[PDB]
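Just one chain follows, in the form deposited in one PDB entry, and it is written as structure tokens.
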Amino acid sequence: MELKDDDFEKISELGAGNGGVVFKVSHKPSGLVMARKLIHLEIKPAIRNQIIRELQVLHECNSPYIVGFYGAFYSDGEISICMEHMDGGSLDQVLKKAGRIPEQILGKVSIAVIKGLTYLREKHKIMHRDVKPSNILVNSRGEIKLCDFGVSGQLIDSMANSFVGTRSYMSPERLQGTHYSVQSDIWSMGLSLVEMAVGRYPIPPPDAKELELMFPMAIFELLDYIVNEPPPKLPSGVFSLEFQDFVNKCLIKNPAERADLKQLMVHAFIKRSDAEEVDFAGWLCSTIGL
């Protein structure tokens, strides 16, 4: 059935980002609980219908590694995207309560991300464009899913006008120009894993003594770091050599030398995590409360 504005009832607020709020809502006719994302945009009636028309491809996105989609519509200067509600939140929320995410678990996250990026590329011919912890959602039945990928050419456009002014997960090639594509997503995933592995955004890298301690930067300064300085590493010693090398392979500045989806899929760290009997479900509740 068709989703429309009067059929919803607000339950609570799941969070906000740039120009978009996300509500936990009830779809009154179906009884279903959904997450409803609202994007406020000053756009003509014609292009909005393009946006909505381009958003319909989400109905064709069906993967255990991709957040479920219910439908998209336009309401009060708002574009609504209605998704499956992930009771576990995003991994940045999870990191905030957990402090640091264990390697074995990052192993599972990494598999879900690679499998999701692969799905989008193979079946839909698109890159993600916004891989970061907050766009990796998890739930109580143990599933790990990507959200907030760019399906709509026109929506990518009307949203060009702003980005997160502190942390960037953008690849050095994307920070410098047009010359980027899918390899860019590898960089963001790599950076996200380091953040989650370590307990904080990894640029600038942890101080010599700040390292065995665990175990405010300016806009240009930060970006100039990503572009011109050696990429972040996992600290030597407390992570397996295979993990260290996997993120090393992800964080290579040159996008052609950097590893791609098909090489990471057969990487030692994945082969290994793919074998492991890990109770992701049980871990997520033990750490957050479900």
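The term rigid core refers to the maximal set of C-alpha atoms that superpose within 1.5 Å between the two forms. The first residue of the sequence shown is number 1, and the count goes up from there.
Beyond the structure shown, there is the form deposited in another entry, which is absent from this document and is the topic of what follows.
For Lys96, a C-alpha deviation below 2 angstroms is recorded between the shown form and the other one after rigid-core alignment. Superposition of the core reveals a Cα shift of less than 2 Å for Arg200 between the shown form and the other one. When the rigid core is held fixed, the Cα atom of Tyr74 travels less than 2 angstroms between the shown form and the other one. Cα of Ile114 to Cα of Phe163: at least 3 Å longer in the other entry than in the shown structure. In the other entry, the Cα positions of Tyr74 and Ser162 lie at least 3 Å nearer to each other than in the form displayed.
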